[PDB]
Each structure stands twice: as structure tokens, then as C-alpha cells.
Amino acid sequence: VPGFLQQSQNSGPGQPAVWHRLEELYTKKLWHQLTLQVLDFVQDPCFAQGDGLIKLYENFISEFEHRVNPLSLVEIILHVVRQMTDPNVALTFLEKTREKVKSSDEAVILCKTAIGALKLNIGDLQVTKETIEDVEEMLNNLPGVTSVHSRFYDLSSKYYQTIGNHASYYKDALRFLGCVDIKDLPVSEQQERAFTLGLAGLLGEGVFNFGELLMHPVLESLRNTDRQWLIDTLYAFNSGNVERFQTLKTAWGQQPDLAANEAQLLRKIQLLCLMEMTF
Amino acid sequence: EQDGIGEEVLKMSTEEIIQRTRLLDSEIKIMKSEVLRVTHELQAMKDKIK
Amino acid sequence: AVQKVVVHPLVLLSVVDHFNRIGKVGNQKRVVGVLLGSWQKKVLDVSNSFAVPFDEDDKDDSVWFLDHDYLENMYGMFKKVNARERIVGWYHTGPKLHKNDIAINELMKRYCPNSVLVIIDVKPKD
Amino acid sequence: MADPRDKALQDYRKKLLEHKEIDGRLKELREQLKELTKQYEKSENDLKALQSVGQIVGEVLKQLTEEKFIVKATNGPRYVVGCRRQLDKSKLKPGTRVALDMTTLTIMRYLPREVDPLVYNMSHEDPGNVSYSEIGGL
Amino acid sequence: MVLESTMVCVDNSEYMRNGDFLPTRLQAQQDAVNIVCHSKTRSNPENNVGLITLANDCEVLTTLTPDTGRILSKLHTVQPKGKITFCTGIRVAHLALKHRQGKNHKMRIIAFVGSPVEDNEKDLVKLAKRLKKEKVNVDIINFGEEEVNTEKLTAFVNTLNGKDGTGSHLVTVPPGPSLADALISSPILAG
């Protein structure tokens, strides 16, 4: 059992100083600096090709566990089931890891999103609505986790690629934007969020722009260099002018998903100019 | 369960000293702190509802 | 969601006296007490109250005392003399609320889940 | 003696006989604490059950105003009363049976009625059938 | 027979959810609470003991009461999931000791350290000279995994009572199979 990681010592860079350190910490029978470091060493940027060389020992950790935080247990098994790359047994594997931690611990809620994240990949309609709906039934009595708000609003973010989801995604992509707050992930992901947020609020029916989230910095401080036309055109809705130049220069630039609804854009500005000229 | 009894047959200390360990740890607790807490629930409730 | 509270006019009055009890040595400028009430509907009702020994220091501004033991037994006496009455919340005075009030409220929501605090103004009355 | 396969095996028996001995009284004593809570539940229900100062049973004779009525006790005199706050006073048609306070003497709640089997000479129903062949020759 | 008020200060952080200390370190520290409450009750049947937690919050789950069975009911569901907080845990321990309903008892705190401390050494030495002006003997007892014998804890023991003080002992544990026998050897009778 120590020799299980002596043969799978390799491919984790700097092998003696970290893997012999690994076989120290559980021979002290401690379970936090053990737990936080294996979570670090799966976060160690490689291919993580030894998932099968660790999922047997992480199952071994799970067998005589009896003390370890089930939150971080599911936080490390999601990287394992990611690196499995085989959705045939990965559904039944995650159901097995969900049913073997069946206490009142609130990592089961993001097991259900990890169910749905592989279920909004295959079979995307029949029971994806239910595994959405069950989570906000359970999103109760402790709103202070905010990882419950993270995984579920990401689950509804994948639900955006249905037909009848424009305003509810826009209402919910703000909710994820308001639950988790700080930057803590690259601009090379953040400006893509604000780009599809502006498109969802533009193609949404009841929303027009709903400003001062324009004042919220995750769109204007991140794309004041490129795609300024989207920030420019959302100002033009808030300006209330027709202003045919820039409100066509968005259609010169954004050819997909905008020329199919250009008449509705002209429909929205003509009802929006009224409620500012009467102001 | 043949391996469950049988590993207690060819191992001399792993299947025994730990069983010595996990009992004397339990018996100084699961006897002591548990039944004395239960003792200090029953004496209260008889000083209650009476 | 509570509609509104109803001030029985004995409770305020019974905050004025206890502010006057410690007022000979009053330099804490705040008196925390327990607000007894009668839950009727979405509208709320208040009938009685009592006090609790409370200290607080602005230094580190999280060091304070709600006596759980005093809150159990004295409310148990008011339960015995009146079975209609139960707890609905708490109160304090000194019209500027202080930073600790998150801690008192989130503590004693385990006595009544939709607990509610009432700030009175003993000196401002104008 | 060291470890000659029996000082091993005699230990595992005497350690496991001791654990199941001490786990047994734990389940028995916890079961006894579960039982007395059921008894304590009945006592606190009785402490709640100690303020039924009664209600006076009367009947509405007629309606005087929107909040004044004329009631009469079942063996006593007549009175002029009112309702509580939100009693839905349109349902108080004269002839109903209501309940009154002892001291404040106002209306608490109306009640339905069935009494006096002279009513069973004129008012009850009989939705019972025969299947047209139990009688014969007409 | 001597009159004091002992205030036990347990840890319910996550770092007590590991098993070097036999069965469970909660099961280790609860037996430590078991022996100190039976020591202070049987040496003097007149004192009183309350508990205070330090991880993630400072809860006064038992007020300073003479009966010990309330404490032992509250040691269950202690839920070791917190993160250690130290600077407010003693100031909330001392203001309890200024709530002594009998003002002839002395003032004593014991504390269980099973997590590493993360605090300025200047803050605790201001708290050390505070307790010198406030006349409180705090007996620090180390458990768990341990940055063993920090200068901050050792000087706080020294600056609790310097220039021929009491000698409030810094109890050190060897991490391994042990009862509270090292806890009762010197410090529980001569502190």
C-alpha cells in the first residue's frame, strides 16, 4: 500500500521531495495537510495521467476515511471524473460516490450539478430540467456556501443552449456574477462572460439593457480595449437616440445572431426612445 | 470474511495491537463520556416532570 | 416576511426603567434585553419583555455577552406564570446601532427563527 | 509469551467481548431517554392546557347593527354583543348558534347545530333506493 | 477548597479531525475536559466551570455553572469544522471572568491548542500585560499537530507572570499514544 505510490511516484514533477513527503503524512495518520496537498497535487498542472493510479488510493482514502471533509472529497473526485473521459461508467461512478457520502453534508448538491454537467452533454432535455429543479429545492437554509450558487448557476449557464432561454440566463448570469465576487480567474475567461452577457440581454425580451450593470466593472473595465462597439451600442440604448450609424456598426461587426433580429432591435429602440424623451 | 478472520491468523500485531488500541481508546471514552452524559440527563428529568 | 409589529405600551416603558436601573453607573450607553411577544399572523404583536446582563467593548468590537443560562431560566419562569407568552426577539437602545448586532441576531435565531429586534429611543423622544 | 498466534487470538475475543458489552448498555439507556421525552411531551401539553376559562354558548336572535347583535343564553337572559375583529359578520344570520366570552361577553365563533329529533320528523334526507323489483304486482 | 472559577477553552477547528492521537482528537480533548471538570469539582465542591470555543466563533455554550453534566451534554455535536481564531478568544474569556456571580473566586483559564496559531506577537504581549493588570492565571495546554514551542506561546507564558510569578505551565504533548497523564502529572495540581 505504500508501494502503490512508490511505483506511481513518477510523472509528478520533483518526485522524491513530494511523494516521499506524501508517504510521510498519512503514516502520521493526519488527514488535512494530507488532504490539502493531494488536492494541490491534482491541481498540479500536468495531464494528470495517473488518475487511475490515484483513484484506487483515493478510493482507499474513502474507505477508512471517517474524518475527512466530504466537500473537498467531492472537490477532488470531480477532477478524477473529469480525467476519466469516459461518460459510460462515469455516471454510475459519480452516483456511487454520491450514495456513499449520503449524510446531510452539502456536497451532494454539487454532485447533482456534476450529474447534470454530464447530463446537459448527453440526453439534454428529458431529465435535465428535473436535475436543475431539485437543486433550488435544496438551495435552502444555508445561503452562505456560494459554491452551491456557483455550480448550479453554471448548470443553468449550460441550459442557455436551449431555445427558450434568453432572459432567465441573463437574470441568472448576473446571479453568478453577484454570488462570486472577486477576479480570481483570468480576464481571458471574464471578457468572454461579459460578451455573451451583453448578447443575452440584447436578445432578451423584457430586458433592454437594464443599466448600471453597465457601470459594473466586469464588462467595461475588461473590454475597454477590444469590442468597444458592444459597450458603445449599450450606451446607445441608454442614450435613447436612434443613431443609425453605430446601431448598424454593431450589425456590420456582429454578423451571427444579430442580423436575424435587427428588426427587433429597431423595434426596441423605438419603444425605448419614448420612455427617455418623456423623461 | 475468510480473509477477515484469516488475516487475524497470520498477522501477530497489526490485527491485535490496534484492536488493543481501539478498545482501550473506546473503553476510556465510549464507556466513560457517553454513559456519564446519559447519567446527567436522567437525573435531571427525574428532578423535572415529577 | 413580517407585516408589522405592534407595540404594547408596557415594554418600552419597561426599557426606560432598566436603562434607569443601570443609569447610575451607565457608561456602556446600551442595554440589551429580550423582547417577548405573541405571534398572531403575518402581523406581529408584543406584550412583555425583560433584561439580560450585557457587556461589550469597542476594542476588537466582537467581545460581548448574552447570558444563555439567564435567558433559559427567567424565560422559563415567565412561561410558568403565563403559558400564552413566548419569545419573539430582542431589543437594544442608544439609537445608533452598533457593529455587534449581526452577532446577537444570528445567535438567538435558534430560539425563534424569524426573530426581530426593536430599537427604542429612550433619550430622543421629540 | 510474545506473539505465538494465540495470545494474538485470545486478545481479539476479549477485546470484542468488551466492546459489545459496553455498546449494549448504551443502546438500552438511550432507549430509556427516548421514552421519558414522550412523557415530558404530555406534561408540557398539560401546562399548555390550563387556561380554558370557558366559552358561553348562545344563539343569535336578530341583527341590531353592523357590530351590535341580540343573543340569548341557553337558560339565561338576553344581551347586546359584538364580534372580535374579523369574524366575517355576514355569516351571522339570525338563528345560528354562536359562542360568547365569559366576562367580555362578546362573540368568539359561530357553531353548527343538530338537536331535537322533532327535526328528524321534517328535515333529514333519505337518498336510499330500491331496484324496482323488491315490490311486485302493481 | 480554594475558591476559583475555571474556564475551559476547547478547539473545534478542522485540524482535530485526524488520527495521530489514537481514536479521534475530539475524543482526546473531551477526555481532557472530562478530567479537568472532575478535578475542579472533587478538589472543591463549590467552584464552577464553563466552556468557550475559539474556532470560527466564540460561543459561551455553557455559562459558568457548578454542575458539570450540562458541559458534558454540550460536548456532543461539537462539529469540528471551524478555523482557528485566537486574539478574541481570550478577551471573550476574560470578560466572562468579570461576570463572576461570586466575586471572591479567583480567575483561571485553561485552553486547548490543537491548531497552529496565526497572530501577531505584539497583540498577545499587549494581552499578556493586560492579564498582568487583570490578575488571571491562564494554563495553556498544547494538543494536536503543533508548531511545537513557538516563541509567541512561550513568551506569553513568561509575560503572563514574570518577576517571580505563579508559573502557569505551558503544557507540551508528545504526539502519540497518551492519555491525560502528562496533563495531570504537574499542572493540574501545581500550576
# chains A, B, ... in the order shown; residues from 1 in each chain; ligands from 1
>>> closest_atom_pairs(of="chain D", to="chain B", cutoff="9 Å", atoms="only C-alpha atoms", output="Markdown table")
| residue | atom | partner | partner_atom | distance |
| --- | --- | --- | --- | --- |
| D:3 | CA | B:12 | CA | 5.8 |
| D:4 | CA | B:12 | CA | 7.6 |
| D:5 | CA | B:12 | CA | 6.4 |
| D:6 | CA | B:9 | CA | 8.8 |
| D:7 | CA | B:12 | CA | 8.7 |
| D:8 | CA | B:12 | CA | 5.9 |
| D:9 | CA | B:8 | CA | 7.3 |
| D:11 | CA | B:16 | CA | 6.9 |
| D:12 | CA | B:16 | CA | 6.3 |
| D:15 | CA | B:23 | CA | 6.3 |
| D:16 | CA | B:23 | CA | 7.9 |
| D:18 | CA | B:23 | CA | 8.0 |
| D:19 | CA | B:23 | CA | 6.8 |
| D:22 | CA | B:31 | CA | 6.2 |
| D:23 | CA | B:30 | CA | 7.9 |
| D:25 | CA | B:35 | CA | 8.3 |
| D:26 | CA | B:35 | CA | 6.6 |
| D:29 | CA | B:38 | CA | 7.1 |
| D:30 | CA | B:38 | CA | 7.3 |
| D:32 | CA | B:42 | CA | 8.7 |
| D:33 | CA | B:42 | CA | 7.0 |
| D:36 | CA | B:45 | CA | 7.9 |
| D:37 | CA | B:45 | CA | 8.9 |
| D:39 | CA | B:49 | CA | 8.4 |
| D:40 | CA | B:49 | CA | 6.5 |
| D:43 | CA | B:49 | CA | 7.0 |
| D:44 | CA | B:49 | CA | 9.0 |
>>> interface_residues(of="chain E", to="chain B", cutoff="10 Å", atoms="only C-alpha atoms", output="ChimeraX atom specification")
/E:21-24,27-28,30-31,33-34,67-76,177-179
>>> write_last_selection(atoms="N, CA and C atoms", output="PDB file, in the first residue's frame")
ATOM      1  N   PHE E  21      -3.438  11.043  17.383  1.00  0.00           N
ATOM      2  CA  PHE E  21      -3.773  10.918  18.789  1.00  0.00           C
ATOM      3  C   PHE E  21      -4.851   9.860  18.934  1.00  0.00           C
ATOM      4  N   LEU E  22      -4.462   8.615  18.676  1.00  0.00           N
ATOM      5  CA  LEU E  22      -5.340   7.449  18.778  1.00  0.00           C
ATOM      6  C   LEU E  22      -6.619   7.446  17.930  1.00  0.00           C
ATOM      7  N   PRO E  23      -7.772   7.345  18.606  1.00  0.00           N
ATOM      8  CA  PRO E  23      -9.156   7.227  18.116  1.00  0.00           C
ATOM      9  C   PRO E  23      -9.637   8.434  17.307  1.00  0.00           C
ATOM     10  N   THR E  24      -9.539   9.627  17.899  1.00  0.00           N
ATOM     11  CA  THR E  24     -10.048  10.907  17.421  1.00  0.00           C
ATOM     12  C   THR E  24      -9.497  11.957  18.386  1.00  0.00           C
ATOM     13  N   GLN E  27     -12.102  13.051  20.740  1.00  0.00           N
ATOM     14  CA  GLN E  27     -12.137  12.045  21.788  1.00  0.00           C
ATOM     15  C   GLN E  27     -10.947  12.171  22.734  1.00  0.00           C
ATOM     16  N   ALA E  28      -9.829  12.717  22.251  1.00  0.00           N
ATOM     17  CA  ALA E  28      -8.715  13.026  23.140  1.00  0.00           C
ATOM     18  C   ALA E  28      -9.012  14.254  23.991  1.00  0.00           C
ATOM     19  N   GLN E  30     -11.885  15.692  24.662  1.00  0.00           N
ATOM     20  CA  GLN E  30     -13.068  15.588  25.512  1.00  0.00           C
ATOM     21  C   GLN E  30     -12.728  14.895  26.823  1.00  0.00           C
ATOM     22  N   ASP E  31     -11.898  13.849  26.758  1.00  0.00           N
ATOM     23  CA  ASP E  31     -11.390  13.206  27.965  1.00  0.00           C
ATOM     24  C   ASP E  31     -10.528  14.155  28.786  1.00  0.00           C
ATOM     25  N   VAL E  33     -11.272  17.375  28.921  1.00  0.00           N
ATOM     26  CA  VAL E  33     -12.325  18.122  29.601  1.00  0.00           C
ATOM     27  C   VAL E  33     -12.941  17.269  30.706  1.00  0.00           C
ATOM     28  N   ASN E  34     -13.019  15.949  30.488  1.00  0.00           N
ATOM     29  CA  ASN E  34     -13.556  15.041  31.499  1.00  0.00           C
ATOM     30  C   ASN E  34     -12.717  15.042  32.770  1.00  0.00           C
ATOM     31  N   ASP E  67     -22.616  22.752  38.025  1.00  0.00           N
ATOM     32  CA  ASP E  67     -22.874  21.394  37.575  1.00  0.00           C
ATOM     33  C   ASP E  67     -22.091  21.124  36.300  1.00  0.00           C
ATOM     34  N   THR E  68     -21.498  19.934  36.229  1.00  0.00           N
ATOM     35  CA  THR E  68     -20.678  19.563  35.086  1.00  0.00           C
ATOM     36  C   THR E  68     -21.448  18.821  34.003  1.00  0.00           C
ATOM     37  N   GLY E  69     -22.635  18.297  34.316  1.00  0.00           N
ATOM     38  CA  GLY E  69     -23.359  17.491  33.349  1.00  0.00           C
ATOM     39  C   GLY E  69     -23.930  18.288  32.195  1.00  0.00           C
ATOM     40  N   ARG E  70     -24.092  19.600  32.377  1.00  0.00           N
ATOM     41  CA  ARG E  70     -24.503  20.455  31.270  1.00  0.00           C
ATOM     42  C   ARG E  70     -23.395  20.575  30.234  1.00  0.00           C
ATOM     43  N   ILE E  71     -22.151  20.717  30.702  1.00  0.00           N
ATOM     44  CA  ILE E  71     -20.978  20.769  29.830  1.00  0.00           C
ATOM     45  C   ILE E  71     -20.860  19.489  29.014  1.00  0.00           C
ATOM     46  N   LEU E  72     -21.076  18.345  29.659  1.00  0.00           N
ATOM     47  CA  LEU E  72     -20.881  17.057  29.003  1.00  0.00           C
ATOM     48  C   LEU E  72     -21.982  16.780  27.989  1.00  0.00           C
ATOM     49  N   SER E  73     -23.160  17.372  28.188  1.00  0.00           N
ATOM     50  CA  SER E  73     -24.191  17.322  27.161  1.00  0.00           C
ATOM     51  C   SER E  73     -23.833  18.198  25.968  1.00  0.00           C
ATOM     52  N   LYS E  74     -23.109  19.291  26.199  1.00  0.00           N
ATOM     53  CA  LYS E  74     -22.760  20.206  25.123  1.00  0.00           C
ATOM     54  C   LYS E  74     -21.478  19.828  24.397  1.00  0.00           C
ATOM     55  N   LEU E  75     -20.689  18.899  24.939  1.00  0.00           N
ATOM     56  CA  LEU E  75     -19.515  18.430  24.210  1.00  0.00           C
ATOM     57  C   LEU E  75     -19.905  17.554  23.030  1.00  0.00           C
ATOM     58  N   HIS E  76     -21.076  16.929  23.090  1.00  0.00           N
ATOM     59  CA  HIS E  76     -21.632  16.277  21.917  1.00  0.00           C
ATOM     60  C   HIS E  76     -22.028  17.324  20.884  1.00  0.00           C
ATOM     61  N   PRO E 177       0.598   7.908  21.364  1.00  0.00           N
ATOM     62  CA  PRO E 177      -0.354   7.258  22.282  1.00  0.00           C
ATOM     63  C   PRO E 177      -0.178   7.766  23.707  1.00  0.00           C
ATOM     64  N   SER E 178      -1.151   8.548  24.165  1.00  0.00           N
ATOM     65  CA  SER E 178      -1.093   9.112  25.504  1.00  0.00           C
ATOM     66  C   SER E 178      -2.503   9.401  25.987  1.00  0.00           C
ATOM     67  N   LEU E 179      -2.666   9.316  27.299  1.00  0.00           N
ATOM     68  CA  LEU E 179      -3.858   9.774  27.992  1.00  0.00           C
ATOM     69  C   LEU E 179      -3.629  11.225  28.412  1.00  0.00           C
TER      70      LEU E 179
END
>>> closest_atom_pairs(of="chain E", to="chain C", cutoff="7 Å", atoms="only C-alpha atoms", output="JSON lines")
{"residue": "E:63", "atom": "CA", "partner": "C:69", "partner_atom": "CA", "distance": 6.1}
{"residue": "E:88", "atom": "CA", "partner": "C:63", "partner_atom": "CA", "distance": 6.9}
{"residue": "E:91", "atom": "CA", "partner": "C:63", "partner_atom": "CA", "distance": 6.7}
{"residue": "E:92", "atom": "CA", "partner": "C:63", "partner_atom": "CA", "distance": 5.3}
>>> interface_residues(of="chain D", to="chain C", cutoff="12 Å", atoms="only C-alpha atoms", output="ChimeraX atom specification")
/D:44-52
>>> atom_distance(atom1="atom CA of residue A:85", atom2="atom CA of residue A:50")
13.1 Å
>>> atom_distance(atom1="atom CA of residue D:88", atom2="atom CA of residue D:108")
11.3 Å
>>> select_by_dssp(residues="stretch 119-264 of chain A", states="helix (DSSP H, G or I)", output="JSON, numbers by chain")
{"A": [128, 129, 130, 131, 132, 133, 134, 135, 136, 137, 138, 147, 148, 149, 150, 151, 152, 153, 154, 155, 156, 157, 158, 159, 160, 167, 168, 169, 170, 171, 172, 173, 174, 175, 176, 177, 178, 179, 187, 188, 189, 190, 191, 192, 193, 194, 195, 196, 197, 198, 199, 200, 201, 202, 203, 217, 218, 219, 220, 228, 229, 230, 231, 232, 233, 234, 235, 236, 237, 238, 239, 246, 247, 248, 249, 250, 251, 252, 253, 259, 260, 261, 262, 263, 264]}
>>> closest_residue(among="E:175, E:125, E:94, E:47", to="chain A", atoms="only C-alpha atoms")
E:175
>>> residues_around(residues="residue D:67", least_positions_apart="2", cutoff="8 Å", atoms="only C-alpha atoms", output="PyMOL selection string")
chain D and resi 64-65+69+81-83+89
>>> write_last_selection(atoms="C-alpha atoms", output="short mmCIF file (atom, residue, chain, number, x, y, z; two decimals), in the first residue's frame")
data_model
loop_
_atom_site.label_atom_id
_atom_site.label_comp_id
_atom_site.auth_asym_id
_atom_site.auth_seq_id
_atom_site.Cartn_x
_atom_site.Cartn_y
_atom_site.Cartn_z
CA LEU D 64 -79.22 45.12 15.51
CA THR D 65 -76.44 46.98 13.66
CA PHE D 69 -76.43 41.81 17.78
CA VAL D 81 -72.89 41.96 21.97
CA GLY D 82 -70.17 42.40 19.35
CA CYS D 83 -67.65 40.33 17.41
CA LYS D 89 -70.18 39.01 10.23
#
>>> atom_distance(atom1="atom CA of residue E:26", atom2="atom CA of residue E:137")
24.9 Å
>>> residues_around(residues="residue D:113", least_positions_apart="3", cutoff="12 Å", atoms="only C-alpha atoms", output="NGL selection string")
:D and (57-59 or 95-98 or 110 or 116 or 119)
>>> select_by_dssp(residues="chain C", states="strand (DSSP E or B)", output="NGL selection string")
:C and (7 or 33-39 or 44-51 or 56-57 or 63-64 or 86-92 or 116-119)
>>> write_last_selection(atoms="N, CA, C and O atoms", output="CSV table (one decimal), in the first residue's frame")
chain,number,residue,atom,x,y,z
C,7,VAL,N,-46.6,47.7,19.2
C,7,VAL,CA,-46.0,48.0,20.5
C,7,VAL,C,-47.1,48.1,21.6
C,7,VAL,O,-47.8,49.1,21.7
C,33,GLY,N,-31.9,43.6,25.9
C,33,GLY,CA,-32.9,42.8,26.6
C,33,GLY,C,-33.7,42.0,25.6
C,33,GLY,O,-33.6,42.2,24.4
C,34,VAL,N,-34.5,41.1,26.2
C,34,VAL,CA,-35.2,40.1,25.4
C,34,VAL,C,-36.6,40.6,25.2
C,34,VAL,O,-37.3,40.9,26.2
C,35,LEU,N,-37.1,40.5,23.9
C,35,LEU,CA,-38.4,41.0,23.6
C,35,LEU,C,-39.4,39.9,23.5
C,35,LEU,O,-39.3,39.1,22.6
C,36,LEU,N,-40.2,39.8,24.5
C,36,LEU,CA,-41.3,38.8,24.5
C,36,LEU,C,-42.5,39.2,23.6
C,36,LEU,O,-42.7,40.4,23.5
C,37,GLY,N,-43.1,38.3,23.0
C,37,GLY,CA,-44.2,38.7,22.0
C,37,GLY,C,-45.2,37.6,21.8
C,37,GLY,O,-45.0,36.4,22.3
C,38,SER,N,-46.2,37.9,21.1
C,38,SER,CA,-47.3,37.0,20.8
C,38,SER,C,-47.5,36.9,19.2
C,38,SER,O,-47.9,37.9,18.6
C,39,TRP,N,-47.0,35.8,18.7
C,39,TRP,CA,-47.1,35.6,17.2
C,39,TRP,C,-48.5,35.3,16.8
C,39,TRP,O,-49.1,34.3,17.1
C,44,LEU,N,-47.3,41.0,13.7
C,44,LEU,CA,-46.7,40.6,14.9
C,44,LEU,C,-47.2,41.4,16.1
C,44,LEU,O,-47.7,42.6,15.9
C,45,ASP,N,-47.2,40.8,17.3
C,45,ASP,CA,-47.6,41.5,18.5
C,45,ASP,C,-46.6,41.4,19.6
C,45,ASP,O,-45.9,40.4,19.7
C,46,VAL,N,-46.5,42.4,20.4
C,46,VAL,CA,-45.5,42.4,21.5
C,46,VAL,C,-46.3,42.7,22.8
C,46,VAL,O,-47.1,43.7,22.8
C,47,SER,N,-46.1,42.0,23.9
C,47,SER,CA,-46.8,42.1,25.1
C,47,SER,C,-45.9,42.4,26.3
C,47,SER,O,-46.3,43.1,27.2
C,48,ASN,N,-44.6,41.9,26.3
C,48,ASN,CA,-43.8,41.9,27.6
C,48,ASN,C,-42.4,41.9,27.1
C,48,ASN,O,-42.1,41.7,26.0
C,49,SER,N,-41.5,42.1,28.1
C,49,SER,CA,-40.0,42.0,27.9
C,49,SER,C,-39.4,41.9,29.3
C,49,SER,O,-40.0,42.0,30.3
C,50,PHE,N,-38.1,41.6,29.2
C,50,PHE,CA,-37.2,41.5,30.4
C,50,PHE,C,-35.8,41.8,29.9
C,50,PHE,O,-35.6,42.1,28.7
C,51,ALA,N,-34.8,41.8,30.8
C,51,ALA,CA,-33.5,42.2,30.5
C,51,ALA,C,-32.5,41.1,30.7
C,51,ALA,O,-32.9,39.9,30.9
C,56,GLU,N,-20.0,44.8,26.5
C,56,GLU,CA,-19.5,44.9,25.2
C,56,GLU,C,-18.3,45.9,25.2
C,56,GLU,O,-18.3,46.9,26.0
C,57,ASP,N,-17.3,45.7,24.4
C,57,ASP,CA,-16.1,46.5,24.3
C,57,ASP,C,-15.9,46.9,22.9
C,57,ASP,O,-16.0,46.1,22.0
C,63,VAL,N,-16.5,41.3,21.3
C,63,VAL,CA,-16.3,40.7,22.6
C,63,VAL,C,-17.5,41.2,23.4
C,63,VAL,O,-17.6,42.4,23.8
C,64,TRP,N,-18.4,40.3,23.8
C,64,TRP,CA,-19.7,40.6,24.3
C,64,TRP,C,-20.3,39.4,25.0
C,64,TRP,O,-19.9,38.3,24.9
C,86,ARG,N,-44.4,33.8,24.7
C,86,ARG,CA,-43.1,33.3,24.3
C,86,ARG,C,-42.2,34.4,23.7
C,86,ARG,O,-42.6,35.5,23.6
C,87,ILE,N,-41.0,34.0,23.4
C,87,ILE,CA,-40.0,34.9,22.8
C,87,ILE,C,-40.3,35.2,21.4
C,87,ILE,O,-40.8,34.3,20.6
C,88,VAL,N,-40.0,36.4,20.9
C,88,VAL,CA,-40.2,36.8,19.5
C,88,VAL,C,-38.9,37.5,19.0
C,88,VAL,O,-38.7,37.6,17.8
C,89,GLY,N,-38.1,37.9,20.0
C,89,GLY,CA,-36.9,38.7,19.6
C,89,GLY,C,-36.3,39.3,20.8
C,89,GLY,O,-36.4,38.9,21.9
C,90,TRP,N,-35.6,40.5,20.5
C,90,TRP,CA,-34.8,41.2,21.5
C,90,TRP,C,-34.9,42.6,21.2
C,90,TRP,O,-35.5,43.1,20.3
C,91,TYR,N,-34.1,43.4,22.0
C,91,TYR,CA,-34.1,44.9,21.8
C,91,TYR,C,-32.8,45.4,22.3
C,91,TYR,O,-32.1,44.8,23.0
C,92,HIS,N,-32.5,46.6,21.8
C,92,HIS,CA,-31.4,47.5,22.5
C,92,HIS,C,-31.8,48.9,22.3
C,92,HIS,O,-32.7,49.3,21.5
C,116,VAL,N,-36.7,39.2,15.6
C,116,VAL,CA,-36.8,40.6,15.2
C,116,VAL,C,-36.3,41.4,16.3
C,116,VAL,O,-36.6,41.1,17.5
C,117,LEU,N,-35.6,42.5,16.0
C,117,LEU,CA,-35.1,43.4,17.0
C,117,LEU,C,-35.8,44.7,16.9
C,117,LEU,O,-36.2,45.1,15.8
C,118,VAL,N,-35.9,45.4,18.0
C,118,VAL,CA,-36.6,46.7,18.0
C,118,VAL,C,-35.7,47.7,18.7
C,118,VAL,O,-35.3,47.5,19.9
C,119,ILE,N,-35.3,48.8,18.0
C,119,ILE,CA,-34.5,49.8,18.7
C,119,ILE,C,-35.5,50.9,19.2
C,119,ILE,O,-36.3,51.4,18.4
>>> interface_residues(of="chain E", to="chain A", cutoff="8 Å", atoms="only C-alpha atoms", output="PyMOL selection string")
chain E and resi 14-15+17-20
>>> write_last_selection(atoms="N, CA and C atoms", output="PDB file, in the first residue's frame")
ATOM      1  N   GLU E  14     -11.061  22.310  12.095  1.00  0.00           N
ATOM      2  CA  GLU E  14     -10.971  21.100  11.290  1.00  0.00           C
ATOM      3  C   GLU E  14      -9.761  20.254  11.653  1.00  0.00           C
ATOM      4  N   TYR E  15      -8.706  20.863  12.201  1.00  0.00           N
ATOM      5  CA  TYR E  15      -7.426  20.200  12.439  1.00  0.00           C
ATOM      6  C   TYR E  15      -7.476  19.151  13.541  1.00  0.00           C
ATOM      7  N   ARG E  17      -9.685  16.736  13.271  1.00  0.00           N
ATOM      8  CA  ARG E  17     -10.301  15.621  12.551  1.00  0.00           C
ATOM      9  C   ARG E  17      -9.251  14.708  11.936  1.00  0.00           C
ATOM     10  N   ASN E  18      -8.178  14.428  12.663  1.00  0.00           N
ATOM     11  CA  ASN E  18      -7.157  13.498  12.216  1.00  0.00           C
ATOM     12  C   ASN E  18      -6.779  12.560  13.355  1.00  0.00           C
ATOM     13  N   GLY E  19      -6.087  11.480  13.002  1.00  0.00           N
ATOM     14  CA  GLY E  19      -5.913  10.380  13.929  1.00  0.00           C
ATOM     15  C   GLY E  19      -4.509   9.973  14.335  1.00  0.00           C
ATOM     16  N   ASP E  20      -3.617  10.926  14.628  1.00  0.00           N
ATOM     17  CA  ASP E  20      -2.361  10.540  15.265  1.00  0.00           C
ATOM     18  C   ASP E  20      -2.561  10.260  16.752  1.00  0.00           C
TER      19      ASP E  20
END
>>> decode(residues="stretch 17-29 of chain D", atoms="N, CA and C atoms", output="short mmCIF file (atom, residue, chain, number, x, y, z; two decimals), in the first residue's frame")
data_model
loop_
_atom_site.label_atom_id
_atom_site.label_comp_id
_atom_site.auth_asym_id
_atom_site.auth_seq_id
_atom_site.Cartn_x
_atom_site.Cartn_y
_atom_site.Cartn_z
N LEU D 17 -15.43 -8.87 23.06
CA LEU D 17 -16.47 -9.17 24.04
C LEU D 17 -16.71 -7.96 24.93
N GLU D 18 -15.70 -7.11 25.09
CA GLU D 18 -15.81 -5.96 25.98
C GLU D 18 -16.50 -4.80 25.26
N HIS D 19 -16.31 -4.70 23.94
CA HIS D 19 -16.90 -3.60 23.18
C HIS D 19 -18.40 -3.81 22.99
N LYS D 20 -18.81 -5.06 22.75
CA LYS D 20 -20.23 -5.34 22.57
C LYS D 20 -20.97 -5.34 23.91
N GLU D 21 -20.24 -5.58 25.00
CA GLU D 21 -20.81 -5.43 26.33
C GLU D 21 -21.12 -3.97 26.63
N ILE D 22 -20.21 -3.07 26.24
CA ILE D 22 -20.37 -1.67 26.61
C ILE D 22 -21.22 -0.92 25.60
N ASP D 23 -21.36 -1.45 24.38
CA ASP D 23 -22.27 -0.85 23.41
C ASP D 23 -23.72 -1.23 23.70
N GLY D 24 -23.95 -2.31 24.43
CA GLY D 24 -25.28 -2.78 24.75
C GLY D 24 -26.03 -1.90 25.72
N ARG D 25 -25.39 -1.52 26.83
CA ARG D 25 -26.00 -0.64 27.82
C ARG D 25 -26.18 0.77 27.28
N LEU D 26 -25.39 1.14 26.26
CA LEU D 26 -25.55 2.43 25.62
C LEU D 26 -26.86 2.50 24.84
N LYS D 27 -27.20 1.42 24.13
CA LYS D 27 -28.46 1.39 23.38
C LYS D 27 -29.66 1.31 24.32
N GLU D 28 -29.50 0.61 25.45
CA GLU D 28 -30.60 0.45 26.40
C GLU D 28 -30.89 1.75 27.13
N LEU D 29 -29.84 2.48 27.50
CA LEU D 29 -30.03 3.73 28.23
C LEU D 29 -30.53 4.84 27.32
#
